[PDB]
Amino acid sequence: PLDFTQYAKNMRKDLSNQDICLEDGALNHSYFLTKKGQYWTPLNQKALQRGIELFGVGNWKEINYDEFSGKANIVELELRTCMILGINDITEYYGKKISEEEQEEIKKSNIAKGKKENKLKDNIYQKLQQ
């Protein structure tokens, strides 16, 4: 009488890393869809949003410094913010310190901007089309 589905979660909580199992105890498949060492923790997405208020959109070098202690990928920041601003090109937003509450407005306004002109894909408005 050994339940393996319960034995699995009950182990994953006590031994596996916080990234592998949800506090739920179930498996975090998002972790295995990204190579080992390039996973993006949620503690990293909040660390980025925080960096935009203190250092602005353009200064990836300076942000990677304070929030990620020099370990994150400048280009992965450069892209993860596009997903925050729902736009493929963020040259316009360079250097703007943007509050976390202004980001969602900027995303929603660019998604809806995208939706109208049928220039939206993957929750992202493509203002640059090739």
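In this text, residue numbers run from 1 along the sequence as written.
Which of 60-68 and 23-31 has higher mean CA B factor, as the PDB entry lists it: If you average the C-alpha B-factors of 23-31 and of 60-68, the larger mean comes out for 23-31.
Chain-wide C-alpha B factor ranking for residue 103, given as lowest, middle or highest third: Highest third of the chain for residue 103's C-alpha B-factor.
Residue 92 by Cα B-factor - lowest, middle or highest third of the modelled chain: According to the entry, residue 92 has a C-alpha B-factor in the chain's highest third.
Ranked against its chain, the third holding the CA B-factor of residue 18: Middle third, going by the recorded CA B-factors of the chain.
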